[PDB]
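>>> got a structure for you, letters missing:
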Ligand SMILES: O=C(O)CC[C@]1(C(=O)O)N[C@H](C(=O)O)Cc2c1[nH]c1ccccc21
Ligand SMILES: O=C(O)CC[C@]1(C(=O)O)N[C@H](C(=O)O)Cc2c1[nH]c1ccccc21
């Protein structure tokens, strides 16, 4: 079964609908009135920030539940030490249900597998809350721009053809359809958990720091190894990336990116459909920055 | 010390701005992080992640005090949590932080070796977190997003540790704010949270930068030069806290916190002491200048806490 069933009913609802907490924060209707001197953007910066970093903490704690080197109780000690300062603040800043369930994950787990299910459901709960928070934060406010002269100055063969799994990526209301190959031999365990989620329809958002890249919070939590990773900057156009640590997102790189980090490789959009990604990216950039007009991503198998 | 070079950098950065913070707020970070030629999105990530990496670093420092967890187990949780935090900060304006983050997790022989690394790194990140909080642009929301004044009055309308203990054990101190030129005297409650008060008093005297609370309300915190794993048996709800209250939040940056007005936060924080009632009326002026200092002015206000 599932250790926290009420979360699962919420997780499925939140891939479709805006979470109530994301609205009350973006509408400034949080009960305790967070935010100094009659404003709520300072509370908004924290509410968006913590929930992303809290989610990343939860995943690395969930990763250690797979580890038998660290005992079950010592892991609870590590959780009960790290969780309260994150959960108590977020409950004050329009995440009360999230605060309540963090205490249940800390409650003594008879089996390590139970604790793994508590962390797995909760990490998915926070990461969907994080997904909408990345969308509705007012990134358009940043007056602070690079000089035009500064911006102006700036694995597919490896593998087996039989393991290439055909998938389609469809973005609406734009209507752009592209097909892609999922490499199931490079990261076999990772791809198996992403394939199981297909078909999934999730919201599409743009990278605020990474460059010309888009991601979407897919409905899975993968503790699977990542043997084949690729530098984000070294990636080709049409690259399908899956970043488990940043929220189990499905990442598409439709242009040159600045970030130096190494991210796991899921697959690549066919080169003939690579030209279509550039039109979607601009719309996804505007939706995250300015419009807040939802662009939904549908990934399906062929 | 395990990292003596960093202790020179911690002492240097108390007075002066770190080089990493300046290049982020001026948009001179090397790889030009951001999307479509703007460095505010990277700024929002740099400031926030270093804040949450610092809080994670302290709880790892507090994890070393517990002997139920082995060092190999403790190193493993640092080897699992840190990489996603260290590597990005190295990309987003904190390259040296990633250098010492790798050195903290190297196989340690003793608990004191790991605790000294975590204690030094945490304070180094807590000063970097301090300067990122002062210069960050919080005025952007005041122009666009504001609570209504009438709904504020209603939220206050709908809403003793000072009595506890021996008044003889309290230790007087002095907080001096420059360039405002305002002095108040305060008593530190050594009975309630003794090990904490000892750990703070040993740092006296110190002169540090003073900033405001962006979310908590009418409160101002100053990053003091210590990392305290001391027990906190007496804590108080920040919304219930009185005016002139001195608090020390070991988890949110080891800061000296002065409440000079209404605060809405429900979290409980250890009680350091209280400004004497005769000198409480001087706090209203300082916080108004401290608000503008962090909210708008970005003009340094300094705090010198000394023993009397
Ligand atoms: O893989 C890529 O190119 C994107 C990498 C990334 C992601 O969420 O996956 N981008 C996000 C952004 O700045 O917009 C933030 C972010 C990413 N890793 C991170 C690792 C640590 C902290 C933050 C991030
Ligand atoms: O203790 C106080 O007076 C206020 C409490 C607090 C602090 O400890 O600094 N305020 C800061 C703010 O919101 O601006 C940030 C902050 C505090 N707790 C926190 C817990 C989790 C995350 C952030 C914070």
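Sure, I can see it. Numbers count the residues shown, from 1 in each chain, chains lettered A, B, ... in the order given. Ligands and ions are numbered 1, 2, ... in the order given.
>>> all helices of chain A, in order?
For chain A, the helices defined by DSSP state H occupy A:5-16, A:20-26, A:41-66, A:72-92, A:96-106, A:112-136, A:148-153, A:188-197, A:277-286.
>>> would you convert these into TSV that also reports distance to residue B:296 and mean neighbour count?
Quick note: C-beta positions are derived from backbone N, CA and C, even for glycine. Conversion of the helices of chain A to TSV gives the following (distance: least, C-beta to C-beta, whole Å; neighbours: other C-beta atoms under 10 Å in any protein chain shown):
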stretch	distance to residue B:296	mean neighbour count
helix A:5-16	37	15
helix A:20-26	23	20
helix A:41-66	13	24
helix A:72-92	25	21
helix A:96-106	32	18
helix A:112-136	26	23
helix A:148-153	27	10
helix A:188-197	47	18
helix A:277-286	30	18
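>>> which among the ones you listed is found nearest to ligand 1?
Checking the helices of chain A against ligand 1 by C-beta to the nearest ligand atom gives helix A:41-66 as the closest, at 6.8 Å.
>>> quick revisit: distance to residue B:283 for the helices of chain A - can I get that in JSON lines?
Output for these, formatted as JSON lines (distance: least, C-beta to C-beta, whole Å):
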{"stretch": "helix A:5-16", "distance to residue B:283": "44"}
{"stretch": "helix A:20-26", "distance to residue B:283": "30"}
{"stretch": "helix A:41-66", "distance to residue B:283": "21"}
{"stretch": "helix A:72-92", "distance to residue B:283": "24"}
{"stretch": "helix A:96-106", "distance to residue B:283": "31"}
{"stretch": "helix A:112-136", "distance to residue B:283": "35"}
{"stretch": "helix A:148-153", "distance to residue B:283": "44"}
{"stretch": "helix A:188-197", "distance to residue B:283": "55"}
{"stretch": "helix A:277-286", "distance to residue B:283": "46"}
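>>> I'd like the ones you listed as CSV, with distance to ligand 1 appended.
Formatted as CSV, those follow (distance: least, C-beta to the nearest ligand atom, whole Å):
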stretch, distance to ligand 1
helix A:5-16, 18
helix A:20-26, 18
helix A:41-66, 7
helix A:72-92, 15
helix A:96-106, 20
helix A:112-136, 8
helix A:148-153, 17
helix A:188-197, 14
helix A:277-286, 11
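>>> and chain B, which of the ones you listed is closest to it?
Among the helices of chain A, the nearest to chain B by C-beta to the nearest C-beta is helix A:41-66 (2.0 Å).
>>> the closest one close to chain B?
Yes. Counting by C-beta under 8 Å from any C-beta of the partner chain, chain B is contacted by helix A:41-66 at A:41-46, A:49-50, A:52-54, A:56-57, A:60-61, A:63-64.
>>> tell me which residue of the stretch 151-300 of chain A lies closest to ligand 1.
As assessed by C-beta to the nearest ligand atom, ligand 1 sits closest to residue A:209 within the stretch 151-300 of chain A, at 3.0 Å.
>>> for residue A:238, see how far away the residue nearest to residue A:180 when sequence neighbours are not counted is.
Nearest residue to residue A:180 in three dimensions, chain neighbours excluded: residue A:269, at 4.2 Å (C-beta to C-beta, 6 or more residues apart in numbering or on different chains). Distance of residue A:269 to residue A:238, given as C-beta to C-beta, to the nearest Å: 3 Å.
>>> overlap in contacts, those two.
Taking C-beta atoms under 8 Å, 6 or more residues apart in numbering or on different chains as the criterion, residue A:269 and residue A:238 both touch A:178, A:180, A:252, A:277.
>>> relative to residue A:34, which of those residues is nearest.
Among the shared contacts of residue A:269 and residue A:238, residue A:252 lies closest to residue A:34 (C-beta to C-beta), at 34.6 Å.
>>> who's that closest one bridged to?
Per DSSP bridges, the residues bridged to residue A:252 are residue A:214, residue A:240.
>>> hmm, residue A:215 and it touching each other?
Yes. Between residue A:252 and residue A:215 there is a contact under C-beta atoms under 8 Å: 7.4 Å.
>>> show me what from chain A comes close to ligand 2.
A:50, A:85, A:89 (C-beta under 6 Å from any ligand atom).
>>> can you do 8 Å?
Residues of chain A found near ligand 2 (C-beta under 8 Å from any ligand atom) are A:34, A:36, A:42, A:43, A:46, A:50, A:85, A:86, A:88, A:89, A:90.
>>> chain neighbours aside, what residue packs nearest to the first one?
Take residue A:34 and drop its neighbours on the chain: the residue closest to it by C-beta to C-beta, 6+ apart is residue A:43, 3.7 Å away.
>>> quick check, the one you found in contact with residue B:217.
No. Applying C-beta under 8 Å, one finds residue A:43 not in contact with residue B:217, separated by 10.7 Å.
>>> and for residue A:302, the neighbour number?
Residue A:302 has 10 neighbours, counted by other C-beta atoms under 10 Å in any protein chain shown.
>>> quick one, what contacts it?
Residues in contact with residue A:302, defined by C-beta under 8 Å, 6+ apart, are A:166, A:167, A:168, A:179.
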